[PDB]
Amino acid sequence: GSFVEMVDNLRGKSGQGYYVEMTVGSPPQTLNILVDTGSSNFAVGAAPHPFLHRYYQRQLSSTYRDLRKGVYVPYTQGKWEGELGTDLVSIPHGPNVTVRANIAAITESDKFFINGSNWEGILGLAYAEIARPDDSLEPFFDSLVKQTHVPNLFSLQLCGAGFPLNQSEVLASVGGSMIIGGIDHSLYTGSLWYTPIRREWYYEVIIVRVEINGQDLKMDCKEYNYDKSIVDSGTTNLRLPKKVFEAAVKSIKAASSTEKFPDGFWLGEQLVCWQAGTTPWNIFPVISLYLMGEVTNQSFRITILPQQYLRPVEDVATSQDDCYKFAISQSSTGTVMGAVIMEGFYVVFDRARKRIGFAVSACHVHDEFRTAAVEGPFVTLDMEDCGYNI
Ligand SMILES: CN1C(=N)N[C@](C)(c2cc(-c3cccc(C#N)c3)cs2)CC1=O
């Protein structure tokens with residue numbers, strides 16, 4: 001590991017997201033910021049809110065600059081309104097540099113901030129194409145690279161605990177690492193395998209084959225990327241296009257048929273519990289996603305375990321049972337490789353070489369019989385045909 005100052009700088013969990021500490025303004029105002037590769041705006045709470053115990057106070061920053069422009073950002077569920085401006089920003093447990101970046105000061109919001117959560121803003125790490133209001137608002141990472149000598153690359157190791165973390169524990173626990181400008185070898189084992197970034201807007205990739213316990217889902221590969229497939233640290237679940245989700249659930253149900261689970265479980269609505277320590281990991285299948293490789297007609301696969309797709313949750317009766325929710329769900333906006341996938345791997349967002357690397361995470365949860373994996377290469381033809389076009 002060559003980046004000790006940044007190792008273990010994240011906190012959180014898949015259900016609440018993972019955040020890094022940042023400072024904004026002069027003198028510096030400390031805030032916890034959600035690390036989100038699924039968006040491109042740096043936005044922070046800038047007004048009192050019931051679920052925030054601190055926020056950005058522009059009037060107390062001598063380096064604050066008003067851009068005199070508002071921004072409205074609506075999401076599937078939730079939305080916020082803010083005022084655009086710039087200020088000096090730093091990451092305490094990050095590169096030792098300070099940069100002037102755009103900041104959306106959130107003044108009004110609805111179902112955005114989460115009661116119980118510990119973050120006060122979001123750091124959109126994706127590209128300008130999807131920034132709001134438009135691509136003219138330079139994203140934080142672009143500013144960082146343009147203003148310093150930090151290499152145009154970052155890597156993320158999200159660490160699921162494998163069990164529930166209570167309010168106090170989740171605040172004291174190490175949730176992972178965000179290495180800005182490099183790759184830390186202590187965070188993974190084995191080799192890194194890279195897939196191309198198809199287009200620079202979201203971190204879009206192309207899935208070319210899917211297997212459930214080695215059995216080919218056997219769908220037209222275009223279905224797996226309809227209408228796109230992205231890597232998003234800001235999404236909890238592994239989300240799959242409707243048809244792919246239906247086929248995957250049918251296969252996962254068949255593989256785990258020795259035990260029957262209620263429809264509510266497969267819908268990700270209700271939890272299932274087992275006596276402490278007896279979770280039947282072995283009856284659930286591993287899931288492999290094959291991704292386009294960097295060499296023509298070559299692909300590689302990343303394999304996750306149920307320890308990744310069954311999200312630990314505290315039981316309603318806070319019993320001693322080990323409980324989980326099914327963390328694979330349907331999407332009408334393409335495949336989303338969320339925390340479920342990311343917790344199994346160290347993921348390298350190599351913007352400089354327009355590629356995303358995957359390696360088995362040194363902190364992935366597993367058992368004595370199976371482990372997550374990243375393996376290759378495999379001969380795969382016409383992978384370009386797997387990509388979707390409107
Ligand atoms: C999916 N996705 C995204 N990646 N980023 C956006 C900005 C947002 C993510 C969150 C959010 C909140 C809490 C936990 C997690 C988690 N985990 C993500 C709130 S807005 C919009 C969106 O819909």
# chains A, B, ... in the order shown; residues from 1 in each chain; ligands from 1
>>> residues_near_ligand(ligand="ligand 1", cutoff="6 Å", atoms="only C-alpha atoms and all ligand atoms", output="number ranges by chain")
A: 14-17, 36, 38-39, 75, 112, 232, 234-236
>>> write_last_selection(atoms="N, CA, C and O atoms", output="short mmCIF file (atom, residue, chain, number, x, y, z; two decimals), in the first residue's frame")
data_model
loop_
_atom_site.label_atom_id
_atom_site.label_comp_id
_atom_site.auth_asym_id
_atom_site.auth_seq_id
_atom_site.Cartn_x
_atom_site.Cartn_y
_atom_site.Cartn_z
N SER A 14 -23.73 -0.12 2.84
CA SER A 14 -24.52 -0.15 1.61
C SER A 14 -25.89 0.52 1.68
O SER A 14 -26.24 1.29 0.79
N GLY A 15 -26.65 0.22 2.73
CA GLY A 15 -27.97 0.81 2.85
C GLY A 15 -28.01 2.32 3.05
O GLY A 15 -28.98 2.97 2.66
N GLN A 16 -26.96 2.88 3.66
CA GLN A 16 -26.91 4.32 3.91
C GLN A 16 -25.91 5.03 3.01
O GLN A 16 -25.86 6.26 2.99
N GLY A 17 -25.12 4.27 2.26
CA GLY A 17 -24.10 4.86 1.41
C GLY A 17 -22.79 4.99 2.18
O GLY A 17 -22.77 4.82 3.40
N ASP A 36 -20.24 9.25 -4.51
CA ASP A 36 -21.20 8.81 -5.52
C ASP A 36 -20.69 8.79 -6.96
O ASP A 36 -20.58 9.84 -7.61
N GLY A 38 -22.29 7.72 -9.31
CA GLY A 38 -23.48 7.76 -10.16
C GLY A 38 -24.03 9.15 -10.45
O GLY A 38 -25.11 9.29 -11.01
N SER A 39 -23.30 10.19 -10.06
CA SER A 39 -23.76 11.56 -10.33
C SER A 39 -22.53 12.46 -10.46
O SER A 39 -21.41 12.01 -10.21
N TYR A 75 -34.93 13.76 -8.23
CA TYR A 75 -34.52 12.37 -8.39
C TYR A 75 -35.78 11.52 -8.43
O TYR A 75 -36.89 12.03 -8.26
N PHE A 112 -34.37 13.92 0.73
CA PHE A 112 -32.99 13.78 0.26
C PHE A 112 -32.14 13.34 1.45
O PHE A 112 -31.56 12.26 1.44
N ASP A 232 -22.08 2.20 -9.87
CA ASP A 232 -22.57 3.29 -9.03
C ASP A 232 -22.49 3.05 -7.53
O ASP A 232 -23.28 2.29 -6.96
N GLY A 234 -23.34 4.97 -5.44
CA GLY A 234 -24.48 5.66 -4.84
C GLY A 234 -25.79 4.89 -4.89
O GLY A 234 -26.86 5.44 -4.63
N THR A 235 -25.70 3.62 -5.26
CA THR A 235 -26.85 2.72 -5.31
C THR A 235 -26.51 1.53 -4.43
O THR A 235 -25.41 0.98 -4.53
N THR A 236 -27.44 1.14 -3.56
CA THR A 236 -27.24 0.03 -2.64
C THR A 236 -27.20 -1.34 -3.32
O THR A 236 -26.27 -2.12 -3.13
#
>>> select_by_dssp(residues="range 18-228 of chain A", states="alpha helix (DSSP H)", output="PyMOL selection string")
chain A and resi 140-147+169-172+221-224
>>> residues_around(residues="residue 136 in chain A", least_positions_apart="3", cutoff="12 Å", atoms="only C-alpha atoms", output="PDB file with C-alpha atoms, in the first residue's frame")
ATOM      1  CA  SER A  40     -21.586  14.593 -11.052  1.00  0.00           C
ATOM      2  CA  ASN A  41     -22.475  17.441  -8.688  1.00  0.00           C
ATOM      3  CA  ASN A 102     -18.140  24.327  -7.708  1.00  0.00           C
ATOM      4  CA  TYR A 127     -18.549  13.158 -15.757  1.00  0.00           C
ATOM      5  CA  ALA A 128     -19.709  16.648 -16.738  1.00  0.00           C
ATOM      6  CA  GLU A 129     -22.202  15.335 -19.295  1.00  0.00           C
ATOM      7  CA  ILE A 130     -24.610  14.491 -16.486  1.00  0.00           C
ATOM      8  CA  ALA A 131     -23.929  17.434 -14.190  1.00  0.00           C
ATOM      9  CA  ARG A 132     -26.832  19.771 -13.366  1.00  0.00           C
ATOM     10  CA  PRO A 133     -27.883  22.236 -14.664  1.00  0.00           C
ATOM     11  CA  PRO A 139     -17.377  18.421 -11.512  1.00  0.00           C
ATOM     12  CA  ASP A 142     -12.206  17.555 -13.025  1.00  0.00           C
TER      13      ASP A 142
END
>>> residues_around(residues="residue 80 in chain A", least_positions_apart="5", cutoff="10 Å", atoms="only C-alpha atoms", output="list in words")
residues 43, 45, 71, 72, 73, 74, 75, 105, 106, 107, 108, 109, 110, 111, 112 and 113 of chain A
>>> write_last_selection(atoms="C-alpha atoms", output="mmCIF file, in the first residue's frame")
data_model
loop_
_atom_site.group_PDB
_atom_site.id
_atom_site.type_symbol
_atom_site.label_atom_id
_atom_site.label_comp_id
_atom_site.auth_asym_id
_atom_site.auth_seq_id
_atom_site.Cartn_x
_atom_site.Cartn_y
_atom_site.Cartn_z
ATOM 1 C CA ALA A 43 -23.754 19.457 -3.327
ATOM 2 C CA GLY A 45 -26.635 21.044 2.844
ATOM 3 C CA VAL A 71 -30.111 24.684 -9.566
ATOM 4 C CA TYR A 72 -33.052 22.295 -9.265
ATOM 5 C CA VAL A 73 -32.295 18.592 -8.987
ATOM 6 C CA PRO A 74 -35.188 16.095 -8.878
ATOM 7 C CA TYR A 75 -34.519 12.369 -8.392
ATOM 8 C CA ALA A 105 -25.458 24.913 -1.639
ATOM 9 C CA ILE A 106 -28.670 23.039 -0.837
ATOM 10 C CA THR A 107 -31.250 25.430 0.598
ATOM 11 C CA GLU A 108 -34.413 23.389 0.099
ATOM 12 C CA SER A 109 -34.926 19.630 -0.111
ATOM 13 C CA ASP A 110 -37.505 16.848 0.019
ATOM 14 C CA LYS A 111 -36.690 13.275 1.064
ATOM 15 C CA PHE A 112 -32.995 13.782 0.259
ATOM 16 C CA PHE A 113 -31.319 13.871 3.681
#
>>> closest_residue(among="A:281, A:358, A:274, A:388", to="residue 231 in chain A", atoms="only C-alpha atoms")
A:358
>>> select_by_dssp(residues="range 36-277 of chain A", states="strand (DSSP E or B)", output="ChimeraX atom specification")
/A:36,42-45,65-74,79-90,99-110,121-124,154-158,176-180,188-196,200,203-205,207-212,215-216,229-231,238-241,272-274
>>> closest_atom_pairs(of="range 30-114 of chain A", to="range 155-175 of chain A", cutoff="12 Å", atoms="only C-alpha atoms", output="JSON lines")
{"residue": "A:32", "atom": "CA", "partner": "A:171", "partner_atom": "CA", "distance": 11.6}
{"residue": "A:34", "atom": "CA", "partner": "A:175", "partner_atom": "CA", "distance": 12.0}
{"residue": "A:35", "atom": "CA", "partner": "A:156", "partner_atom": "CA", "distance": 9.3}
{"residue": "A:36", "atom": "CA", "partner": "A:156", "partner_atom": "CA", "distance": 10.6}
{"residue": "A:37", "atom": "CA", "partner": "A:156", "partner_atom": "CA", "distance": 9.8}
>>> residues_around(residues="residue 4 in chain A", least_positions_apart="5", cutoff="10 Å", atoms="only C-alpha atoms", output="ChimeraX atom specification")
/A:9,93-94,177,179,184,186
>>> residues_around(residues="residue 304 in chain A", least_positions_apart="6", cutoff="6 Å", atoms="only C-alpha atoms", output="JSON, numbers by chain")
{"A": [286, 287, 372]}
>>> closest_residue(among="A:376, A:334, A:95, A:70", to="residue 83 in chain A", atoms="only C-alpha atoms")
A:70
>>> closest_residue(among="A:352, A:84, A:302, A:323", to="residue 276 in chain A", atoms="only C-alpha atoms")
A:323
>>> closest_residue(among="A:90, A:215, A:98, A:275", to="residue 29 in chain A", atoms="only C-alpha atoms")
A:90
>>> closest_residue(among="A:182, A:196, A:123, A:1", to="residue 150 in chain A", atoms="only C-alpha atoms")
A:182
>>> closest_residue(among="A:348, A:210, A:255, A:373", to="residue 360 in chain A", atoms="only C-alpha atoms")
A:373
>>> decode(residues="range 256-278 of chain A", atoms="N, CA, C and O atoms", output="mmCIF file, in the first residue's frame")
data_model
loop_
_atom_site.group_PDB
_atom_site.id
_atom_site.type_symbol
_atom_site.label_atom_id
_atom_site.label_comp_id
_atom_site.auth_asym_id
_atom_site.auth_seq_id
_atom_site.Cartn_x
_atom_site.Cartn_y
_atom_site.Cartn_z
ATOM 1 N N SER A 256 -31.683 -22.172 -5.125
ATOM 2 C CA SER A 256 -31.912 -22.216 -3.675
ATOM 3 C C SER A 256 -33.213 -22.922 -3.285
ATOM 4 O O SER A 256 -33.678 -22.779 -2.152
ATOM 5 N N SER A 257 -33.766 -23.706 -4.205
ATOM 6 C CA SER A 257 -35.058 -24.359 -3.995
ATOM 7 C C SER A 257 -35.245 -25.238 -2.770
ATOM 8 O O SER A 257 -36.386 -25.545 -2.427
ATOM 9 N N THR A 258 -34.165 -25.645 -2.101
ATOM 10 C CA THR A 258 -34.328 -26.483 -0.913
ATOM 11 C C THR A 258 -35.008 -25.709 0.214
ATOM 12 O O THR A 258 -35.452 -26.289 1.201
ATOM 13 N N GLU A 259 -35.079 -24.391 0.066
ATOM 14 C CA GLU A 259 -35.761 -23.550 1.042
ATOM 15 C C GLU A 259 -36.657 -22.603 0.258
ATOM 16 O O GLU A 259 -36.250 -22.057 -0.767
ATOM 17 N N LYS A 260 -37.883 -22.432 0.734
ATOM 18 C CA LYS A 260 -38.852 -21.563 0.076
ATOM 19 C C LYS A 260 -38.900 -20.214 0.778
ATOM 20 O O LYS A 260 -38.993 -20.152 2.002
ATOM 21 N N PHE A 261 -38.826 -19.136 0.008
ATOM 22 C CA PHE A 261 -38.880 -17.800 0.590
ATOM 23 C C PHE A 261 -40.098 -17.083 0.040
ATOM 24 O O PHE A 261 -40.469 -17.277 -1.110
ATOM 25 N N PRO A 262 -40.738 -16.247 0.866
ATOM 26 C CA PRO A 262 -41.928 -15.493 0.463
ATOM 27 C C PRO A 262 -41.654 -14.504 -0.663
ATOM 28 O O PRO A 262 -40.527 -14.026 -0.820
ATOM 29 N N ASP A 263 -42.684 -14.199 -1.447
ATOM 30 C CA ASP A 263 -42.529 -13.271 -2.558
ATOM 31 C C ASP A 263 -41.947 -11.947 -2.082
ATOM 32 O O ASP A 263 -41.166 -11.320 -2.795
ATOM 33 N N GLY A 264 -42.334 -11.528 -0.882
ATOM 34 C CA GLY A 264 -41.839 -10.275 -0.337
ATOM 35 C C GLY A 264 -40.327 -10.240 -0.186
ATOM 36 O O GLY A 264 -39.717 -9.172 -0.229
ATOM 37 N N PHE A 265 -39.717 -11.404 0.017
ATOM 38 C CA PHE A 265 -38.261 -11.476 0.145
ATOM 39 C C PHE A 265 -37.627 -11.179 -1.197
ATOM 40 O O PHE A 265 -36.720 -10.356 -1.294
ATOM 41 N N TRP A 266 -38.105 -11.857 -2.239
ATOM 42 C CA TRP A 266 -37.544 -11.669 -3.571
ATOM 43 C C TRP A 266 -37.788 -10.270 -4.107
ATOM 44 O O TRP A 266 -37.078 -9.812 -5.006
ATOM 45 N N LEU A 267 -38.789 -9.590 -3.552
ATOM 46 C CA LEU A 267 -39.099 -8.222 -3.962
ATOM 47 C C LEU A 267 -38.236 -7.225 -3.201
ATOM 48 O O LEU A 267 -38.347 -6.020 -3.409
ATOM 49 N N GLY A 268 -37.387 -7.730 -2.311
ATOM 50 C CA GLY A 268 -36.518 -6.856 -1.538
ATOM 51 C C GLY A 268 -37.256 -6.085 -0.459
ATOM 52 O O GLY A 268 -36.704 -5.177 0.155
ATOM 53 N N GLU A 269 -38.505 -6.465 -0.215
ATOM 54 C CA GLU A 269 -39.333 -5.801 0.783
ATOM 55 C C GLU A 269 -39.176 -6.358 2.192
ATOM 56 O O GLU A 269 -38.979 -5.598 3.140
ATOM 57 N N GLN A 270 -39.269 -7.674 2.345
ATOM 58 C CA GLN A 270 -39.147 -8.238 3.675
ATOM 59 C C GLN A 270 -37.875 -9.028 3.916
ATOM 60 O O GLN A 270 -37.291 -9.617 3.006
ATOM 61 N N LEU A 271 -37.447 -9.034 5.167
ATOM 62 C CA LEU A 271 -36.231 -9.732 5.522
ATOM 63 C C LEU A 271 -36.492 -11.189 5.843
ATOM 64 O O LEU A 271 -37.632 -11.593 6.084
ATOM 65 N N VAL A 272 -35.429 -11.983 5.803
ATOM 66 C CA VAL A 272 -35.515 -13.387 6.168
ATOM 67 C C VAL A 272 -34.462 -13.558 7.239
ATOM 68 O O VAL A 272 -33.384 -12.956 7.163
ATOM 69 N N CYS A 273 -34.773 -14.371 8.241
ATOM 70 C CA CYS A 273 -33.858 -14.588 9.345
ATOM 71 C C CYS A 273 -33.586 -16.051 9.619
ATOM 72 O O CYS A 273 -34.417 -16.921 9.342
ATOM 73 N N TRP A 274 -32.414 -16.306 10.188
ATOM 74 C CA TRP A 274 -32.005 -17.648 10.569
ATOM 75 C C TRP A 274 -31.392 -17.560 11.962
ATOM 76 O O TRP A 274 -30.904 -16.499 12.377
ATOM 77 N N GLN A 275 -31.430 -18.670 12.684
ATOM 78 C CA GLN A 275 -30.844 -18.724 14.013
ATOM 79 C C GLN A 275 -29.393 -18.271 13.867
ATOM 80 O O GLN A 275 -28.738 -18.587 12.874
ATOM 81 N N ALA A 276 -28.894 -17.545 14.860
ATOM 82 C CA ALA A 276 -27.528 -17.027 14.834
ATOM 83 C C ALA A 276 -26.496 -18.024 14.310
ATOM 84 O O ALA A 276 -26.393 -19.145 14.803
ATOM 85 N N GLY A 277 -25.744 -17.599 13.297
ATOM 86 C CA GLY A 277 -24.695 -18.430 12.727
ATOM 87 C C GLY A 277 -25.096 -19.523 11.752
ATOM 88 O O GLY A 277 -24.228 -20.167 11.157
ATOM 89 N N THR A 278 -26.394 -19.723 11.545
ATOM 90 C CA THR A 278 -26.825 -20.800 10.658
ATOM 91 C C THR A 278 -27.279 -20.394 9.258
ATOM 92 O O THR A 278 -27.869 -21.210 8.551
#
